[PDB]
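For reference, run.pdb (PDB, C-alpha atoms):
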ATOM      1  CA  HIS A 968     -29.620 -22.691  -5.498  1.00  0.00           C
ATOM      2  CA  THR A 969     -27.883 -19.704  -7.101  1.00  0.00           C
ATOM      3  CA  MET A 970     -27.112 -21.266 -10.489  1.00  0.00           C
ATOM      4  CA  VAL A 971     -30.483 -22.956 -11.102  1.00  0.00           C
ATOM      5  CA  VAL A 972     -32.530 -19.771 -10.779  1.00  0.00           C
ATOM      6  CA  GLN A 973     -30.050 -17.584 -12.687  1.00  0.00           C
ATOM      7  CA  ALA A 974     -30.480 -20.017 -15.589  1.00  0.00           C
ATOM      8  CA  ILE A 975     -34.295 -20.118 -15.507  1.00  0.00           C
ATOM      9  CA  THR A 976     -34.356 -16.311 -15.435  1.00  0.00           C
ATOM     10  CA  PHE A 977     -31.933 -16.039 -18.364  1.00  0.00           C
ATOM     11  CA  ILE A 978     -34.016 -18.577 -20.307  1.00  0.00           C
ATOM     12  CA  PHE A 979     -37.222 -16.591 -19.783  1.00  0.00           C
ATOM     13  CA  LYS A 980     -35.564 -13.294 -20.745  1.00  0.00           C
ATOM     14  CA  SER A 981     -34.120 -14.739 -23.964  1.00  0.00           C
ATOM     15  CA  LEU A 982     -37.436 -16.331 -24.974  1.00  0.00           C
ATOM     16  CA  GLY A 983     -39.659 -13.281 -24.511  1.00  0.00           C
ATOM     17  CA  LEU A 984     -43.407 -13.821 -24.128  1.00  0.00           C
ATOM     18  CA  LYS A 985     -43.164 -17.435 -25.347  1.00  0.00           C
ATOM     19  CA  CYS A 986     -42.033 -18.417 -21.832  1.00  0.00           C
ATOM     20  CA  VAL A 987     -45.714 -18.203 -20.777  1.00  0.00           C
ATOM     21  CA  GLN A 988     -45.916 -21.824 -21.986  1.00  0.00           C
ATOM     22  CA  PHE A 989     -43.631 -22.940 -19.145  1.00  0.00           C
ATOM     23  CA  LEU A 990     -45.478 -21.005 -16.371  1.00  0.00           C
ATOM     24  CA  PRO A 991     -47.619 -23.925 -15.059  1.00  0.00           C
ATOM     25  CA  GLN A 992     -44.445 -25.989 -14.623  1.00  0.00           C
ATOM     26  CA  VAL A 993     -42.161 -23.323 -13.149  1.00  0.00           C
ATOM     27  CA  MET A 994     -44.424 -21.391 -10.793  1.00  0.00           C
ATOM     28  CA  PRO A 995     -45.766 -24.007  -8.302  1.00  0.00           C
ATOM     29  CA  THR A 996     -42.264 -25.402  -7.772  1.00  0.00           C
ATOM     30  CA  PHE A 997     -40.631 -21.955  -7.634  1.00  0.00           C
ATOM     31  CA  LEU A 998     -43.125 -20.838  -4.979  1.00  0.00           C
ATOM     32  CA  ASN A 999     -42.558 -23.954  -2.860  1.00  0.00           C
ATOM     33  CA  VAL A1000     -38.811 -23.307  -3.147  1.00  0.00           C
ATOM     34  CA  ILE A1001     -39.288 -19.802  -1.715  1.00  0.00           C
ATOM     35  CA  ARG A1002     -41.276 -21.301   1.170  1.00  0.00           C
ATOM     36  CA  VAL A1003     -38.633 -23.799   2.332  1.00  0.00           C
ATOM     37  CA  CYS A1004     -35.546 -21.733   1.479  1.00  0.00           C
ATOM     38  CA  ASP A1005     -33.614 -20.193   4.363  1.00  0.00           C
ATOM     39  CA  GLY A1006     -31.385 -17.214   5.068  1.00  0.00           C
ATOM     40  CA  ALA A1007     -29.717 -15.354   2.216  1.00  0.00           C
ATOM     41  CA  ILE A1008     -31.266 -17.358  -0.634  1.00  0.00           C
ATOM     42  CA  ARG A1009     -34.750 -16.026   0.215  1.00  0.00           C
ATOM     43  CA  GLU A1010     -33.768 -12.462  -0.715  1.00  0.00           C
ATOM     44  CA  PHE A1011     -32.132 -13.630  -3.953  1.00  0.00           C
ATOM     45  CA  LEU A1012     -35.164 -15.732  -4.921  1.00  0.00           C
ATOM     46  CA  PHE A1013     -37.509 -12.788  -4.324  1.00  0.00           C
ATOM     47  CA  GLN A1014     -35.212 -10.666  -6.499  1.00  0.00           C
ATOM     48  CA  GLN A1015     -35.402 -13.203  -9.335  1.00  0.00           C
ATOM     49  CA  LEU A1016     -39.147 -13.734  -8.911  1.00  0.00           C
ATOM     50  CA  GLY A1017     -39.415  -9.999  -9.567  1.00  0.00           C
ATOM     51  CA  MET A1018     -37.644 -10.510 -12.891  1.00  0.00           C
ATOM     52  CA  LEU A1019     -39.967 -13.428 -13.713  1.00  0.00           C
ATOM     53  CA  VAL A1020     -43.036 -11.294 -12.962  1.00  0.00           C
ATOM     54  CA  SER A1021     -41.724  -8.455 -15.136  1.00  0.00           C
ATOM     55  CA  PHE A1022     -41.484 -10.878 -18.073  1.00  0.00           C
ATOM     56  CA  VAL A1023     -44.696 -12.852 -17.497  1.00  0.00           C
ATOM     57  CA  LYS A1024     -46.620  -9.562 -16.917  1.00  0.00           C
ATOM     58  CA  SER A1025     -50.422 -10.067 -17.152  1.00  0.00           C
ATOM     59  CA  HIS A1026     -50.146 -13.868 -17.358  1.00  0.00           C
ATOM     60  CA  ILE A1027     -49.105 -14.080 -13.672  1.00  0.00           C
ATOM     61  CA  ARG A1028     -52.683 -13.542 -12.458  1.00  0.00           C
ATOM     62  CA  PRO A1029     -53.513 -17.181 -11.485  1.00  0.00           C
ATOM     63  CA  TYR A1030     -50.474 -17.499  -9.196  1.00  0.00           C
ATOM     64  CA  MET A1031     -50.631 -13.939  -7.819  1.00  0.00           C
ATOM     65  CA  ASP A1032     -52.687 -14.961  -4.774  1.00  0.00           C
ATOM     66  CA  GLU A1033     -50.027 -17.438  -3.631  1.00  0.00           C
ATOM     67  CA  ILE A1034     -47.271 -14.842  -4.113  1.00  0.00           C
ATOM     68  CA  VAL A1035     -49.090 -12.400  -1.816  1.00  0.00           C
ATOM     69  CA  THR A1036     -49.435 -15.079   0.875  1.00  0.00           C
ATOM     70  CA  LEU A1037     -45.690 -15.706   0.531  1.00  0.00           C
ATOM     71  CA  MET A1038     -44.955 -11.981   0.881  1.00  0.00           C
ATOM     72  CA  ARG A1039     -47.376 -11.604   3.806  1.00  0.00           C
ATOM     73  CA  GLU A1040     -45.677 -14.474   5.650  1.00  0.00           C
ATOM     74  CA  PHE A1041     -42.063 -13.409   5.038  1.00  0.00           C
ATOM     75  CA  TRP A1042     -42.424  -9.639   5.445  1.00  0.00           C
ATOM     76  CA  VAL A1043     -40.354  -8.675   8.505  1.00  0.00           C
ATOM     77  CA  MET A1044     -38.951  -5.447   9.959  1.00  0.00           C
ATOM     78  CA  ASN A1045     -35.553  -6.650   8.682  1.00  0.00           C
ATOM     79  CA  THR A1046     -34.355  -3.752   6.526  1.00  0.00           C
ATOM     80  CA  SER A1047     -32.852  -6.029   3.862  1.00  0.00           C
ATOM     81  CA  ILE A1048     -35.992  -8.002   2.979  1.00  0.00           C
ATOM     82  CA  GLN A1049     -38.129  -4.839   3.081  1.00  0.00           C
ATOM     83  CA  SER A1050     -36.223  -3.114   0.267  1.00  0.00           C
ATOM     84  CA  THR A1051     -36.331  -6.390  -1.683  1.00  0.00           C
ATOM     85  CA  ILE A1052     -40.097  -6.861  -1.322  1.00  0.00           C
ATOM     86  CA  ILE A1053     -40.864  -3.202  -2.091  1.00  0.00           C
ATOM     87  CA  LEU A1054     -38.981  -3.613  -5.369  1.00  0.00           C
ATOM     88  CA  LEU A1055     -40.960  -6.796  -6.069  1.00  0.00           C
TER      89      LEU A1055
ATOM     90  CA  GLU B  37     -89.641  54.192 -12.974  1.00  0.00           C
ATOM     91  CA  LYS B  38     -89.436  55.596 -16.488  1.00  0.00           C
ATOM     92  CA  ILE B  39     -92.027  54.474 -19.053  1.00  0.00           C
ATOM     93  CA  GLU B  40     -89.461  52.792 -21.282  1.00  0.00           C
ATOM     94  CA  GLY B  41     -88.959  49.313 -22.700  1.00  0.00           C
ATOM     95  CA  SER B  42     -86.182  47.094 -21.381  1.00  0.00           C
ATOM     96  CA  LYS B  43     -83.494  46.436 -23.987  1.00  0.00           C
ATOM     97  CA  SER B  44     -83.767  42.856 -25.238  1.00  0.00           C
ATOM     98  CA  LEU B  45     -80.552  40.869 -24.870  1.00  0.00           C
ATOM     99  CA  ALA B  46     -78.934  38.897 -27.686  1.00  0.00           C
ATOM    100  CA  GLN B  47     -80.829  35.604 -27.369  1.00  0.00           C
ATOM    101  CA  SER B  48     -78.315  33.035 -28.640  1.00  0.00           C
ATOM    102  CA  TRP B  49     -80.119  29.939 -27.322  1.00  0.00           C
ATOM    103  CA  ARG B  50     -81.397  29.042 -30.803  1.00  0.00           C
ATOM    104  CA  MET B  51     -79.542  26.156 -32.420  1.00  0.00           C
ATOM    105  CA  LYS B  52     -77.550  27.187 -35.485  1.00  0.00           C
ATOM    106  CA  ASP B  53     -78.327  23.995 -37.415  1.00  0.00           C
ATOM    107  CA  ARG B  54     -79.628  20.458 -36.928  1.00  0.00           C
ATOM    108  CA  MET B  55     -77.276  17.719 -38.100  1.00  0.00           C
ATOM    109  CA  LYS B  56     -78.529  14.324 -39.278  1.00  0.00           C
ATOM    110  CA  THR B  57     -76.333  11.216 -39.275  1.00  0.00           C
ATOM    111  CA  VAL B  58     -77.573   9.751 -42.548  1.00  0.00           C
ATOM    112  CA  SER B  59     -75.418   6.619 -42.734  1.00  0.00           C
ATOM    113  CA  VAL B  60     -72.957   4.614 -40.652  1.00  0.00           C
ATOM    114  CA  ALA B  61     -69.829   2.662 -41.632  1.00  0.00           C
ATOM    115  CA  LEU B  62     -69.037  -0.408 -39.502  1.00  0.00           C
ATOM    116  CA  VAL B  63     -65.496  -1.469 -40.410  1.00  0.00           C
ATOM    117  CA  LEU B  64     -64.931  -4.681 -38.426  1.00  0.00           C
ATOM    118  CA  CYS B  65     -61.417  -6.157 -38.488  1.00  0.00           C
ATOM    119  CA  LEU B  66     -62.409  -8.920 -36.073  1.00  0.00           C
ATOM    120  CA  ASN B  67     -60.237 -11.598 -37.736  1.00  0.00           C
ATOM    121  CA  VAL B  68     -62.302 -14.288 -36.023  1.00  0.00           C
ATOM    122  CA  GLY B  69     -60.326 -17.455 -35.345  1.00  0.00           C
ATOM    123  CA  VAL B  70     -56.951 -15.704 -35.749  1.00  0.00           C
ATOM    124  CA  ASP B  71     -54.818 -13.864 -33.200  1.00  0.00           C
ATOM    125  CA  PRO B  72     -52.838 -10.712 -34.075  1.00  0.00           C
ATOM    126  CA  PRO B  73     -49.075 -11.318 -33.919  1.00  0.00           C
ATOM    127  CA  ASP B  74     -48.324  -8.060 -32.078  1.00  0.00           C
ATOM    128  CA  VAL B  75     -50.273  -8.994 -28.925  1.00  0.00           C
ATOM    129  CA  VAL B  76     -49.682 -12.380 -27.284  1.00  0.00           C
ATOM    130  CA  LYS B  77     -53.162 -13.046 -25.922  1.00  0.00           C
ATOM    131  CA  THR B  78     -53.575 -14.882 -22.627  1.00  0.00           C
ATOM    132  CA  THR B  79     -55.228 -18.298 -22.686  1.00  0.00           C
ATOM    133  CA  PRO B  80     -58.534 -17.008 -21.216  1.00  0.00           C
ATOM    134  CA  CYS B  81     -58.005 -13.539 -22.807  1.00  0.00           C
ATOM    135  CA  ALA B  82     -61.243 -11.699 -23.650  1.00  0.00           C
ATOM    136  CA  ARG B  83     -63.595 -13.560 -25.983  1.00  0.00           C
ATOM    137  CA  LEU B  84     -66.906 -11.674 -25.908  1.00  0.00           C
TER     138      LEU B  84
END

Would you put the structure from the file into structure tokens?
Amino acid sequence: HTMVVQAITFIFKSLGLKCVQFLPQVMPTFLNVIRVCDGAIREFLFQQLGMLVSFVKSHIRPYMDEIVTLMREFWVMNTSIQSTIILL
Amino acid sequence: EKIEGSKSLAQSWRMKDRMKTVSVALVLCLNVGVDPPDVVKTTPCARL
């Protein structure tokens, strides 16, 4: 879990705005991974999704609705995930 | 009241001059069919 997403993030950062090409592949899978992940990985995935969104910028509009649903479902009073989501 | 005229104030309402826009220059760098390199347009983008 940790190595796969650190790679995909590093790939997108090194490419620039040409990563937009890969969006339709990455996003639906990446979102379904956040859904079924458990425990610590959740927080890390949300952290790296934040990086993704900062690179994709305006192009993230089609998938934004799903991301909100994800956030809405996994927002808890747990202090740790709150700071993470507020950064995202 | 005294039989005296009221001092007229400095009426500045009059327009100093009337301008006329005689001609117009429409410089259109549309570059139709080409996308500027600086901005990576989104696939829908804005077409109109």

Quick check on the file I pasted: which residues fall under the PyMOL selection byres ((chain A) within 12 of (chain B))? Write them as number ranges by chain.
A: 983-988, 990, 1023-1029

Identify all residues satisfying the PyMOL selection byres ((chain A and resi 972) around 10) in the given file; provide them as a PyMOL selection string.
chain A and resi 968-971+973-978+997+1011-1012+1015-1016

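For the atom pair formed by atom CA of residue 1036 of chain A and atom CA of residue 998 of chain A, the distance is 10.4 Å, given to one decimal.
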
With all atoms listed in the file as the basis for distance, which of A:1055, A:1030, A:980, A:1005 is at the shortest distance from residue 993 of chain A?
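Closest residue, counting all atoms listed in the file: A:1030.
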
Hey, can you check how far atom CA of residue 1010 of chain A sits from atom CA of residue 1048 of chain A?
6.2 Å

Centre and edge lengths, as AutoDock Vina command-line options, for the axis-aligned box enclosing every listed atom of segment 1020-1032 of chain A with 3 Å of padding on each of the six sides, in Å to one decimal?
--center_x -47.5 --center_y -13.0 --center_z -11.4 --size_x 18.0 --size_y 15.0 --size_z 19.3
